[PDB]
Amino acid sequence: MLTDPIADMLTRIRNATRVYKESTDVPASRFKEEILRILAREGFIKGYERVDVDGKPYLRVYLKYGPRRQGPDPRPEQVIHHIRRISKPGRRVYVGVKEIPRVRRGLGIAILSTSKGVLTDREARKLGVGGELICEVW
Amino acid sequence: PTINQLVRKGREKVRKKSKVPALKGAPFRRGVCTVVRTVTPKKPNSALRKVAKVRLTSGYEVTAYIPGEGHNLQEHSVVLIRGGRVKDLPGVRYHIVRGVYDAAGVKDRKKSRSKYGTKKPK
Amino acid sequence: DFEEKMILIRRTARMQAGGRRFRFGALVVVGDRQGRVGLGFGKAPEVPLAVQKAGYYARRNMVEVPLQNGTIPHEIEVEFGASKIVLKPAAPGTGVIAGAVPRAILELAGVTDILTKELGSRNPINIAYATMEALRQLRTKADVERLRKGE
Amino acid sequence: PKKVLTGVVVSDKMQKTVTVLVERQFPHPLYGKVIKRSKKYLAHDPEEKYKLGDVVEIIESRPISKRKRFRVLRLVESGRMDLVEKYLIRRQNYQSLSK
Amino acid sequence: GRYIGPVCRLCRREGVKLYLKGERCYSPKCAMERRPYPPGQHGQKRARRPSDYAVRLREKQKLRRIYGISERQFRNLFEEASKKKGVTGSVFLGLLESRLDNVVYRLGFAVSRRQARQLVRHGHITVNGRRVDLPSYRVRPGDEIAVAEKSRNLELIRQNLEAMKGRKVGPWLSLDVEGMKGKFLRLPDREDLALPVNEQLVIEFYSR
RNA sequence: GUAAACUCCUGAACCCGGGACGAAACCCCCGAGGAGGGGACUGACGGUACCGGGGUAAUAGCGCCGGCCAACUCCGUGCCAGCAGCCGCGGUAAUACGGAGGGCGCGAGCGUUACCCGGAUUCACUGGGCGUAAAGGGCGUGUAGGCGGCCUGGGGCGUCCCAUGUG
RNA sequence: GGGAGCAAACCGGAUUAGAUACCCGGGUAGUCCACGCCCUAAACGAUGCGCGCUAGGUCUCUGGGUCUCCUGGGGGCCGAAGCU
Ligand SMILES: [Mg+2]
Ligand SMILES: [Mg+2]
Ligand SMILES: [Mg+2]
Ligand SMILES: [Mg+2]
Ligand SMILES: [Mg+2]
Ligand SMILES: [Mg+2]
Ligand SMILES: [Mg+2]
Ligand SMILES: [Mg+2]
Ligand SMILES: [Mg+2]
Ligand SMILES: [Mg+2]
Ligand SMILES: [Mg+2]
Ligand SMILES: [Mg+2]
Ligand SMILES: [Mg+2]
Ligand SMILES: [Mg+2]
Ligand SMILES: [Mg+2]
Ligand SMILES: [Mg+2]
Ligand SMILES: [Mg+2]
Ligand SMILES: [Mg+2]
Ligand SMILES: [Mg+2]
Ligand SMILES: [Mg+2]
Ligand SMILES: [Mg+2]
Ligand SMILES: [Mg+2]
Ligand SMILES: [Mg+2]
Ligand SMILES: [Mg+2]
Ligand SMILES: [Mg+2]
Ligand SMILES: [Mg+2]
Ligand SMILES: [Mg+2]
Ligand SMILES: [Mg+2]
Ligand SMILES: [Mg+2]
Ligand SMILES: [Mg+2]
Ligand SMILES: [Mg+2]
Ligand SMILES: [Mg+2]
Ligand SMILES: [Mg+2]
Ligand SMILES: [Mg+2]
Ligand SMILES: [Mg+2]
Ligand SMILES: [Mg+2]
Ligand SMILES: [Mg+2]
Ligand SMILES: [Mg+2]
Ligand SMILES: [Mg+2]
Ligand SMILES: [Mg+2]
Ligand SMILES: [Mg+2]
Ligand SMILES: [Mg+2]
Ligand SMILES: [Mg+2]
Ligand SMILES: [Mg+2]
Ligand SMILES: [Mg+2]
Ligand SMILES: [Mg+2]
Ligand SMILES: [Mg+2]
Ligand SMILES: [Mg+2]
Ligand SMILES: [Mg+2]
Ligand SMILES: [Mg+2]
Ligand SMILES: [Mg+2]
Ligand SMILES: [Mg+2]
Ligand SMILES: [Mg+2]
Ligand SMILES: [Mg+2]
Ligand SMILES: [Mg+2]
Ligand SMILES: [Mg+2]
Ligand SMILES: [Mg+2]
Ligand SMILES: [Mg+2]
Ligand SMILES: [Mg+2]
Ligand SMILES: [Mg+2]
Ligand SMILES: [Mg+2]
Ligand SMILES: [Mg+2]
Ligand SMILES: [Mg+2]
Ligand SMILES: [Mg+2]
Ligand SMILES: [Mg+2]
Ligand SMILES: [Mg+2]
Ligand SMILES: [Mg+2]
Ligand SMILES: [Mg+2]
Ligand SMILES: [Mg+2]
Ligand SMILES: [Mg+2]
Ligand SMILES: [Mg+2]
Ligand SMILES: [Mg+2]
Ligand SMILES: [Mg+2]
Ligand SMILES: [Mg+2]
Ligand SMILES: [Mg+2]
Ligand SMILES: [Mg+2]
Ligand SMILES: [Mg+2]
Ligand SMILES: [Mg+2]
Ligand SMILES: [Mg+2]
Ligand SMILES: [Mg+2]
Ligand SMILES: [Mg+2]
Ligand SMILES: [Mg+2]
Ligand SMILES: [Mg+2]
Ligand SMILES: [Mg+2]
Ligand SMILES: [Mg+2]
Ligand SMILES: [Mg+2]
Ligand SMILES: [Mg+2]
Ligand SMILES: [Mg+2]
Ligand SMILES: [Mg+2]
Ligand SMILES: [Mg+2]
Ligand SMILES: [Mg+2]
Ligand SMILES: [Mg+2]
Ligand SMILES: [Mg+2]
Ligand SMILES: [Mg+2]
Ligand SMILES: [Mg+2]
Ligand SMILES: [Mg+2]
Ligand SMILES: [Mg+2]
Ligand SMILES: [Mg+2]
Ligand SMILES: [Mg+2]
Ligand SMILES: [Mg+2]
Ligand SMILES: [Mg+2]
Ligand SMILES: [Mg+2]
Ligand SMILES: [Mg+2]
Ligand SMILES: [Mg+2]
Ligand SMILES: [Mg+2]
Ligand SMILES: [Mg+2]
Ligand SMILES: [Mg+2]
Ligand SMILES: [Mg+2]
Ligand SMILES: [Mg+2]
Ligand SMILES: [Mg+2]
Ligand SMILES: [Mg+2]
Ligand SMILES: [Mg+2]
Ligand SMILES: [Mg+2]
Ligand SMILES: [Mg+2]
Ligand SMILES: [Mg+2]
Ligand SMILES: [Mg+2]
Ligand SMILES: [Mg+2]
Ligand SMILES: [Zn+2]
C-alpha cells in the first residue's frame, strides 16, 4: 500500500549505496524529482532519468561513490554516509525560517518543501522562507 | 511507542515517595522517648546498638539511632529527631540530635564535635 | 616520541584447579598533541609489561585528526554497538568538557575545545573504541567537496 | 473580532435553535503531530431555516440563553449527513462502554 | 578577610615558585630552593599519581593563591567572565589584573601583592584624584593610579618607588616615577601576562 | 616552619573638630488670581553619612583525610566501643572506630537534616525499548480513530513570508 | 446417553529409615457422543499486522510454459551486506 514514497526512495538510495550499486529505480513523481535534482545538483548522486519498467514510470537514480581505500576492506567512501527522512506522515514537521537546522555545521544539506518550491537549507534562509522539513543528507 | 500512541496515552510521570515521613516535610521533629533500648545490628556486622522509640509531635511513633559513645536518654526524655537511615539497623529511618533538648552531646570528644553537640574546650 | 597516557589498568582472572591465575589489562592512548592519536589495549601477566604492550599496540593504530583551531570540524553521534558517544565542536576558551576517557583521547589529539556526552553503556573500553571510530569519521570541507567533485 | 467559525448542524430538535459541531486542528504542544479536536455550539436560529446536515458559519453574538451565544450567519452548503453520521456513530459506540 | 599566615607553604605545595613576598622570594628561597617539596610530615615521600581532579584543582588554586583572593570572589568572576563574549579563559585573567590592589603591585608601588592590598585599604592610594581603599575596585582603562597626597612622603612608598625607576613594567601599564602616578593604559592581554597556570585547566575545573 | 620571638612599617577600634544631599512647592507681593519673575518657611533619619586631625597589631573557626574524593602517620581499642551517603570498616598488627601529629577544603562561617531540579538518556518530543534481560494481545472479524499511490485544475484550513497591534 | 482400552482419586504388593511416590496387581471420574458452560497454557518462532527496499548456494512441496531450463506460490538448511 505504501505509506510514504519519499522515505522509501531515500531508503532505496540508502540500501542501494550500502552495497555500492551503479544505480537503482523508484516510481516517478514531480515531487520526487525535485528531491533528486537538489540531491544530484549538490553532488550526492550523478543524476537521474525517467526510465521505463513495463510501461511503469520510474526514475533511475545514478549513484556516486568515493575511490577505493587502502588496507583491509577497501570498502570505498560513501557520497551519502547518511540519508534520513524527517517530516514523516506519522508526524509532519514544519518550520519557521529561524528554526531551520544548520545540518552538520554547514557540511550537510536539508531539503525543505516550501511555498517557493523545494530548496536546500541555505537556500531557504537565502530567499527567507520556511516549510516542511522533508529530510536531510550528508 | 508511535507518536499517535503518545498523543493519546502519553508518558507516565514518575513521582517518588518520601524516604522519611518525619511529616510536615520538616527538617526536624520534636518528640518524647518511650523505649530506650539496645538492638543487634544486621547480618554482616555485630554490636548492640543504641536506639529509642519516640512519640512525635507529628503523631507518629518511630525508632531512631543514638549517635556517639554512650548516652543519657531515659523513658521520658524529650528529644529532637533528625532523620537519616542506618544500613545496619533495619527499620530505623531517623537519628537523635545530640545536644538538643534532653539529648546530651558526647562527653570529652575532640573531633567532628559539631556533629554531636559538643562545645569547644579550653 | 609522542605523549603517552593510559585510561585504565585492570586485573582480570581465570579459574583453574587449585586457584585463579591473573592477567592485567592496559588501555593506553598515544598522541602528538598536533593531530596524531592512537589507542592500544594489551594484556600481560604483569602490570609494567602490560602497559608496555599497550603502549606498543597503541603506537600501531594511529589516526589523524582534522583540528580546526583546537576544535573539531563538526559533531558526530557514533555508536560503538553498546556504547555511544557524542562529539561536538565549540568556540575557543571553552576547554575540553568530557568524561575521563574521551578526555584522555581528545586531549592528546591536540584538541582543546569540544563538548561531549557518553550516552548508552559507560564501559571504558567500548567508550574508548567508540571515540576512535568517531574521530576516524570526521571530515573537512575539503574531503567533502572532494567527494562531491568526482573530477 | 466577533469570532466566526464553520461547522455542521447535528441537532435541530430545539425550538429556534440548532447545535453546530466545529472541528479545529493544531500541532501537539510536545509531539507536534497535528491533532484534531472539536466542540458543539448552541446557535440561535430564529426560523429553523437551517436543518440537519447543514454546514454553516456561526458568529460570536449577544447571549440568547444559558448556552446559546452564537447566531447562525449563513449556510455554507446544504446536505452532508455523512458528517452527521460520524458524530452520531461516535455517540452510538458509547453505549458499548458502560457496565 | 584574606589569607593571613604561612604563605611560603603555598610556594611548596603547588610545587611552583609563588612570588608573593618581596626580597625573600628572590633570595636563596621563595621558601623553595631549600625545600622544593610540599609541607607536612610527608611531602618528601614517593609522590602519588594525581587525578584529573587533582590537576584541575591545583592549577585553579595556584591562580587563586597567586592573587591571594577569596573563593567567593574568585568564583563570582569566573562566571562573570563567561557571560562576557570573548575567550572566557583569557578574559577571566583580564578581570583579575584589572583588580585595583593588583594594579598597585604591577605598578611596583608594593613589594608584595599582599602589601599592595594593605597600602590600598589604609587609603595610601588614589585613582583619578580620589582616595580608594577597596582592593576589589575594577580599574577601568586610563586611570591615574597615583599615591595618596599625604602618603607621598613615606619610608615605604618612597623606598619602593625609588627602587622602581628604570625597571620598565607592564606593556599595558605606564609608570610615572615622577609624581608617583601610573595609568591603566588598557586591559592586559593573553601574552602580556605570564603565570605558571594553564587557564584552560581552571575552565575545566569549574565545569564539575 | 618564616611559622614564632625579634626589627621595622602601616593604623580596624577609640578620641577631637567640622557636618549634609534628600527641600522646593504649597504660601507672600510684581504681573491679572494666568504665563513669567521675585521673596520666605519646613529634616524623623542625625551630629548619622561624609571630610579633616590625633591614634592602639587588633576574633578564628567548622568540615573532611579507605574508593567515589583534594588530603597519612603514631597510639588506644579487638565484630567490643563505635563508623557509615552507597560500596563497606572493627574479630592484635585499623590511613574507615577514638585521641594526637600532620594534611586537604572552605572561612564569619562551616557542617547537618528537609525540600526542588540536576545528574536520571531511568517515562526517552529532543532522546529508550519488547527472540532469550521487564515488555506482542492465544487467534480472528470489525467499529471509532490514526495513516494512505500517479496526473491536472479550483479553493487557501493546516504550513510559510511581510507589515501592523498586543506582548 | 456411552463405556473396549487406558486411568487422577482409591485399595493392595514391592522398595525404603519412612514411600501418602518412581515399579507391579487391581480400579473410579474421565477420556467417547449430543446440546450448553468454562476461556486458561511453555495458546512459543517465547519474534503484532501491512507495504517497499538490500548477494547468492543448495534441498523440497505445488502451479504455468517445448522444458540440461524458464517463471509464480509455500516449506527447511548454509550463508552477502548489515544488525546484535
Ligand atoms: Mg510523476
Ligand atoms: Mg527526529
Ligand atoms: Mg495519565
Ligand atoms: Mg540513605
Ligand atoms: Mg535546643
Ligand atoms: Mg563542636
Ligand atoms: Mg585484561
Ligand atoms: Mg613488545
Ligand atoms: Mg600486534
Ligand atoms: Mg552501530
Ligand atoms: Mg562490535
Ligand atoms: Mg544499539
Ligand atoms: Mg563526555
Ligand atoms: Mg550520558
Ligand atoms: Mg497558528
Ligand atoms: Mg470536546
Ligand atoms: Mg436558557
Ligand atoms: Mg431566550
Ligand atoms: Mg457490549
Ligand atoms: Mg468503559
Ligand atoms: Mg458488564
Ligand atoms: Mg457498574
Ligand atoms: Mg554561598
Ligand atoms: Mg587623609
Ligand atoms: Mg555546567
Ligand atoms: Mg553539569
Ligand atoms: Mg615572646
Ligand atoms: Mg623600612
Ligand atoms: Mg617601635
Ligand atoms: Mg595617619
Ligand atoms: Mg569610626
Ligand atoms: Mg565629632
Ligand atoms: Mg552647622
Ligand atoms: Mg515642590
Ligand atoms: Mg517659586
Ligand atoms: Mg508638603
Ligand atoms: Mg494684587
Ligand atoms: Mg495676590
Ligand atoms: Mg506665577
Ligand atoms: Mg538637623
Ligand atoms: Mg536632628
Ligand atoms: Mg561634633
Ligand atoms: Mg605606633
Ligand atoms: Mg597581631
Ligand atoms: Mg607583627
Ligand atoms: Mg576540624
Ligand atoms: Mg568536606
Ligand atoms: Mg584518603
Ligand atoms: Mg573516606
Ligand atoms: Mg576521599
Ligand atoms: Mg563525602
Ligand atoms: Mg572498649
Ligand atoms: Mg594494641
Ligand atoms: Mg594498632
Ligand atoms: Mg584488621
Ligand atoms: Mg586514622
Ligand atoms: Mg589537625
Ligand atoms: Mg559555600
Ligand atoms: Mg549550610
Ligand atoms: Mg515537595
Ligand atoms: Mg531528582
Ligand atoms: Mg546516571
Ligand atoms: Mg541513577
Ligand atoms: Mg525508571
Ligand atoms: Mg542511565
Ligand atoms: Mg515524551
Ligand atoms: Mg533503556
Ligand atoms: Mg521474559
Ligand atoms: Mg503472538
Ligand atoms: Mg505473552
Ligand atoms: Mg499469556
Ligand atoms: Mg483473553
Ligand atoms: Mg460490525
Ligand atoms: Mg464492532
Ligand atoms: Mg477512518
Ligand atoms: Mg498524501
Ligand atoms: Mg486523510
Ligand atoms: Mg502527467
Ligand atoms: Mg500531484
Ligand atoms: Mg485536468
Ligand atoms: Mg491539489
Ligand atoms: Mg491558509
Ligand atoms: Mg511580503
Ligand atoms: Mg515575522
Ligand atoms: Mg508581530
Ligand atoms: Mg507594537
Ligand atoms: Mg512589535
Ligand atoms: Mg517590553
Ligand atoms: Mg453407542
Ligand atoms: Mg453411564
Ligand atoms: Mg470406559
Ligand atoms: Mg488397568
Ligand atoms: Mg476401595
Ligand atoms: Mg493382600
Ligand atoms: Mg499405593
Ligand atoms: Mg532411603
Ligand atoms: Mg511412617
Ligand atoms: Mg494412596
Ligand atoms: Mg472407570
Ligand atoms: Mg469433581
Ligand atoms: Mg471421536
Ligand atoms: Mg454418536
Ligand atoms: Mg449420541
Ligand atoms: Mg450459562
Ligand atoms: Mg475450551
Ligand atoms: Mg490471558
Ligand atoms: Mg513450539
Ligand atoms: Mg513476525
Ligand atoms: Mg509480518
Ligand atoms: Mg540466482
Ligand atoms: Mg544437495
Ligand atoms: Mg514445477
Ligand atoms: Mg515457449
Ligand atoms: Mg504456512
Ligand atoms: Mg511443515
Ligand atoms: Mg529457499
Ligand atoms: Mg557477518
Ligand atoms: Zn616565598
# chains A, B, ... in the order shown; residues from 1 in each chain; ligands from 1

$ residues_near_ligand --ligand "ligand 3" --cutoff "8 Å" --atoms "only C-alpha atoms (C1' of nucleotides) and all ligand atoms" --output "JSON, numbers by chain"
{"B": [9, 10, 11, 12, 13]}

$ write_last_selection --atoms "N, CA and C atoms" --output "PDB file, in the first residue's frame"
ATOM      1  N   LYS B   9      -2.176   8.054  24.995  1.00  0.00           N
ATOM      2  CA  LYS B   9      -1.832   7.573  26.332  1.00  0.00           C
ATOM      3  C   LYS B   9      -0.876   8.499  27.091  1.00  0.00           C
ATOM      4  N   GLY B  10       0.051   9.125  26.371  1.00  0.00           N
ATOM      5  CA  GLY B  10       1.037   9.997  26.987  1.00  0.00           C
ATOM      6  C   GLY B  10       2.085   9.241  27.791  1.00  0.00           C
ATOM      7  N   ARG B  11       3.050   9.975  28.347  1.00  0.00           N
ATOM      8  CA  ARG B  11       4.104   9.390  29.186  1.00  0.00           C
ATOM      9  C   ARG B  11       3.759   9.410  30.676  1.00  0.00           C
ATOM     10  N   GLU B  12       4.243   8.418  31.411  1.00  0.00           N
ATOM     11  CA  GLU B  12       3.883   8.289  32.816  1.00  0.00           C
ATOM     12  C   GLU B  12       4.830   9.066  33.719  1.00  0.00           C
ATOM     13  N   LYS B  13       4.303  10.107  34.357  1.00  0.00           N
ATOM     14  CA  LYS B  13       5.082  10.934  35.271  1.00  0.00           C
ATOM     15  C   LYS B  13       5.522  10.117  36.482  1.00  0.00           C
TER      16      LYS B  13
END

$ closest_atom_pairs --of "chain F" --to "ligand 64" --cutoff "12 Å" --atoms "only C-alpha atoms (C1' of nucleotides) and all ligand atoms" --output "JSON lines"
{"residue": "F:120", "atom": "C1'", "partner": "ligand 64", "partner_atom_place_in_ligand_line": "1 (Mg)", "distance": 8.1}
{"residue": "F:121", "atom": "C1'", "partner": "ligand 64", "partner_atom_place_in_ligand_line": "1 (Mg)", "distance": 11.0}
{"residue": "F:122", "atom": "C1'", "partner": "ligand 64", "partner_atom_place_in_ligand_line": "1 (Mg)", "distance": 3.6}
{"residue": "F:123", "atom": "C1'", "partner": "ligand 64", "partner_atom_place_in_ligand_line": "1 (Mg)", "distance": 7.0}
{"residue": "F:124", "atom": "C1'", "partner": "ligand 64", "partner_atom_place_in_ligand_line": "1 (Mg)", "distance": 10.3}
{"residue": "F:128", "atom": "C1'", "partner": "ligand 64", "partner_atom_place_in_ligand_line": "1 (Mg)", "distance": 10.4}
{"residue": "F:134", "atom": "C1'", "partner": "ligand 64", "partner_atom_place_in_ligand_line": "1 (Mg)", "distance": 11.1}

$ select_by_dssp --residues "region 2-206 of chain E" --states "alpha helix (DSSP H)" --output "MDAnalysis selection string"
chainID E and resid 8:13 52:67 71:83 88:97 100:106 113:121 155:164 199:205

$ residues_around --residues "residue 111 (chain E)" --least-positions-apart "3" --cutoff "8 Å" --atoms "only C-alpha atoms (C1' of nucleotides)" --output "list in words"
residues 21, 22, 23, 105, 108, 115, 116 and 160 of chain E

$ residues_near_ligand --ligand "ligand 91" --cutoff "8 Å" --atoms "only C-alpha atoms (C1' of nucleotides) and all ligand atoms" --output "list in words"
residues 3, 4, 5 and 31 of chain G

$ write_last_selection --atoms "N, CA and C atoms (P, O5', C5', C4', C3', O3' and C1' of nucleotides)" --output "PDB file, in the first residue's frame"
ATOM      1  P     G G   3     -22.685 -49.116  26.357  1.00  0.00           P
ATOM      2  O5'   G G   3     -21.178 -48.930  26.817  1.00  0.00           O
ATOM      3  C5'   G G   3     -20.127 -48.890  25.869  1.00  0.00           C
ATOM      4  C4'   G G   3     -18.826 -48.505  26.519  1.00  0.00           C
ATOM      5  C3'   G G   3     -18.354 -49.414  27.643  1.00  0.00           C
ATOM      6  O3'   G G   3     -17.687 -50.569  27.161  1.00  0.00           O
ATOM      7  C1'   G G   3     -18.176 -47.144  28.313  1.00  0.00           C
ATOM      8  P     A G   4     -17.482 -51.855  28.103  1.00  0.00           P
ATOM      9  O5'   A G   4     -15.939 -52.195  27.886  1.00  0.00           O
ATOM     10  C5'   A G   4     -15.538 -53.462  27.391  1.00  0.00           C
ATOM     11  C4'   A G   4     -14.362 -53.359  26.441  1.00  0.00           C
ATOM     12  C3'   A G   4     -13.039 -52.916  27.034  1.00  0.00           C
ATOM     13  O3'   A G   4     -12.395 -53.924  27.785  1.00  0.00           O
ATOM     14  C1'   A G   4     -13.375 -51.827  24.980  1.00  0.00           C
ATOM     15  P     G G   5     -11.315 -53.520  28.902  1.00  0.00           P
ATOM     16  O5'   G G   5     -10.305 -52.594  28.099  1.00  0.00           O
ATOM     17  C5'   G G   5      -9.316 -53.152  27.250  1.00  0.00           C
ATOM     18  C4'   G G   5      -8.373 -52.091  26.750  1.00  0.00           C
ATOM     19  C3'   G G   5      -7.619 -51.328  27.825  1.00  0.00           C
ATOM     20  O3'   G G   5      -6.463 -52.008  28.273  1.00  0.00           O
ATOM     21  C1'   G G   5      -8.591 -49.796  26.328  1.00  0.00           C
ATOM     22  P     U G  31     -14.691 -36.305  29.472  1.00  0.00           P
ATOM     23  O5'   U G  31     -13.606 -37.161  28.689  1.00  0.00           O
ATOM     24  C5'   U G  31     -12.334 -36.612  28.383  1.00  0.00           C
ATOM     25  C4'   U G  31     -11.406 -37.656  27.824  1.00  0.00           C
ATOM     26  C3'   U G  31     -11.852 -38.322  26.529  1.00  0.00           C
ATOM     27  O3'   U G  31     -11.550 -37.545  25.376  1.00  0.00           O
ATOM     28  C1'   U G  31     -11.113 -39.964  28.071  1.00  0.00           C
TER      29        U G  31
END

$ residues_around --residues "region 35-50 of chain G" --least-positions-apart "6" --cutoff "8 Å" --atoms "only C-alpha atoms (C1' of nucleotides)" --output "PyMOL selection string"
(chain A and resi 1) or (chain F and resi 131-132+136+138)

$ atom_distance --atom1 "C1' of residue 58 (chain F)" --atom2 "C1' of residue 12 (chain F)"
6.8 Å

$ residues_near_ligand --ligand "ligand 97" --cutoff "12 Å" --atoms "only C-alpha atoms (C1' of nucleotides) and all ligand atoms" --output "list in words"
residues 16, 17, 18, 19 and 20 of chain G

$ residues_near_ligand --ligand "ligand 118" --cutoff "7 Å" --atoms "only C-alpha atoms (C1' of nucleotides) and all ligand atoms" --output "PDB file with C-alpha atoms, in the first residue's frame"
ATOM      1  CA  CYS E   8      55.672  30.039  51.626  1.00  0.00           C
ATOM      2  CA  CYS E  11      55.122  28.049  47.377  1.00  0.00           C
ATOM      3  CA  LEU E  18      54.874  31.758  44.022  1.00  0.00           C
ATOM      4  CA  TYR E  19      56.290  35.273  44.018  1.00  0.00           C
ATOM      5  CA  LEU E  20      54.188  36.666  46.845  1.00  0.00           C
ATOM      6  CA  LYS E  21      56.822  38.156  49.152  1.00  0.00           C
ATOM      7  CA  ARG E  24      62.982  36.645  50.148  1.00  0.00           C
ATOM      8  CA  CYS E  25      61.311  35.045  47.131  1.00  0.00           C
ATOM      9  CA  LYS E  29      64.439  30.714  48.699  1.00  0.00           C
ATOM     10  CA  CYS E  30      60.813  31.581  47.924  1.00  0.00           C
ATOM     11  CA  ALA E  31      60.971  29.089  50.717  1.00  0.00           C
ATOM     12  CA  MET E  32      61.949  26.978  47.712  1.00  0.00           C
TER      13      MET E  32
END

$ residues_near_ligand --ligand "ligand 117" --cutoff "9 Å" --atoms "only C-alpha atoms (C1' of nucleotides) and all ligand atoms" --output "number ranges by chain"
G: 79-82

$ write_last_selection --atoms "N, CA, C and O atoms (P, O5', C5', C4', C3', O3' and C1' of nucleotides)" --output "PDB file, in the first residue's frame"
ATOM      1  P     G G  79      26.552 -20.886   8.153  1.00  0.00           P
ATOM      2  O5'   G G  79      27.319 -20.345   6.866  1.00  0.00           O
ATOM      3  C5'   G G  79      27.683 -18.977   6.751  1.00  0.00           C
ATOM      4  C4'   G G  79      27.294 -18.416   5.406  1.00  0.00           C
ATOM      5  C3'   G G  79      27.092 -16.908   5.350  1.00  0.00           C
ATOM      6  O3'   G G  79      28.307 -16.205   5.149  1.00  0.00           O
ATOM      7  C1'   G G  79      25.253 -18.004   4.326  1.00  0.00           C
ATOM      8  P     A G  80      28.471 -14.692   5.664  1.00  0.00           P
ATOM      9  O5'   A G  80      28.700 -13.880   4.312  1.00  0.00           O
ATOM     10  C5'   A G  80      27.657 -13.749   3.357  1.00  0.00           C
ATOM     11  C4'   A G  80      27.880 -12.564   2.450  1.00  0.00           C
ATOM     12  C3'   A G  80      28.017 -11.212   3.139  1.00  0.00           C
ATOM     13  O3'   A G  80      29.338 -10.967   3.609  1.00  0.00           O
ATOM     14  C1'   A G  80      26.497 -11.041   1.323  1.00  0.00           C
ATOM     15  P     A G  81      29.588 -10.146   4.972  1.00  0.00           P
ATOM     16  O5'   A G  81      28.845  -8.764   4.698  1.00  0.00           O
ATOM     17  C5'   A G  81      29.336  -7.847   3.730  1.00  0.00           C
ATOM     18  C4'   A G  81      28.317  -6.779   3.419  1.00  0.00           C
ATOM     19  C3'   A G  81      27.812  -5.978   4.610  1.00  0.00           C
ATOM     20  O3'   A G  81      28.678  -4.916   4.970  1.00  0.00           O
ATOM     21  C1'   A G  81      25.970  -6.737   3.359  1.00  0.00           C
ATOM     22  P     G G  82      29.087  -4.699   6.508  1.00  0.00           P
ATOM     23  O5'   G G  82      27.683  -4.429   7.210  1.00  0.00           O
ATOM     24  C5'   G G  82      26.851  -3.353   6.792  1.00  0.00           C
ATOM     25  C4'   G G  82      25.441  -3.515   7.300  1.00  0.00           C
ATOM     26  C3'   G G  82      25.297  -3.696   8.805  1.00  0.00           C
ATOM     27  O3'   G G  82      25.300  -2.468   9.512  1.00  0.00           O
ATOM     28  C1'   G G  82      24.076  -5.378   7.709  1.00  0.00           C
TER      29        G G  82
END

$ residues_near_ligand --ligand "ligand 115" --cutoff "10 Å" --atoms "only C-alpha atoms (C1' of nucleotides) and all ligand atoms" --output "PDB file with N, CA, C and O atoms (P, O5', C5', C4', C3', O3' and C1' of nucleotides), in the first residue's frame"
ATOM      1  P     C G  61       9.309 -33.171  -3.601  1.00  0.00           P
ATOM      2  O5'   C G  61       8.199 -32.166  -3.061  1.00  0.00           O
ATOM      3  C5'   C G  61       7.371 -32.515  -1.961  1.00  0.00           C
ATOM      4  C4'   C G  61       6.284 -31.493  -1.740  1.00  0.00           C
ATOM      5  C3'   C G  61       5.446 -31.142  -2.959  1.00  0.00           C
ATOM      6  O3'   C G  61       4.418 -32.079  -3.208  1.00  0.00           O
ATOM      7  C1'   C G  61       6.105 -29.159  -1.846  1.00  0.00           C
ATOM      8  P     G G  74       4.106 -16.829  -0.824  1.00  0.00           P
ATOM      9  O5'   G G  74       3.867 -18.292  -0.247  1.00  0.00           O
ATOM     10  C5'   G G  74       4.703 -18.820   0.773  1.00  0.00           C
ATOM     11  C4'   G G  74       4.346 -20.249   1.086  1.00  0.00           C
ATOM     12  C3'   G G  74       5.299 -20.985   2.016  1.00  0.00           C
ATOM     13  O3'   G G  74       5.056 -20.713   3.384  1.00  0.00           O
ATOM     14  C1'   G G  74       4.891 -22.319   0.121  1.00  0.00           C
ATOM     15  P     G G  75       6.284 -20.561   4.406  1.00  0.00           P
ATOM     16  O5'   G G  75       6.857 -22.041   4.486  1.00  0.00           O
ATOM     17  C5'   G G  75       6.024 -23.124   4.872  1.00  0.00           C
ATOM     18  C4'   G G  75       6.747 -24.444   4.768  1.00  0.00           C
ATOM     19  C3'   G G  75       8.109 -24.505   5.436  1.00  0.00           C
ATOM     20  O3'   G G  75       8.024 -24.747   6.829  1.00  0.00           O
ATOM     21  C1'   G G  75       8.252 -25.421   3.259  1.00  0.00           C
ATOM     22  P     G G  76       9.147 -24.166   7.816  1.00  0.00           P
ATOM     23  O5'   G G  76      10.494 -24.474   7.028  1.00  0.00           O
ATOM     24  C5'   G G  76      11.754 -24.109   7.566  1.00  0.00           C
ATOM     25  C4'   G G  76      12.761 -25.219   7.413  1.00  0.00           C
ATOM     26  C3'   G G  76      14.219 -24.808   7.506  1.00  0.00           C
ATOM     27  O3'   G G  76      14.666 -24.650   8.838  1.00  0.00           O
ATOM     28  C1'   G G  76      13.929 -26.171   5.617  1.00  0.00           C
TER      29        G G  76
END

$ residues_near_ligand --ligand "ligand 83" --cutoff "12 Å" --atoms "only C-alpha atoms (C1' of nucleotides) and all ligand atoms" --output "ChimeraX atom specification"
/A:127-129 /F:160-163

$ closest_residue --among "D:70, D:50, D:41, D:31" --to "chain B" --atoms "only C-alpha atoms"
D:31
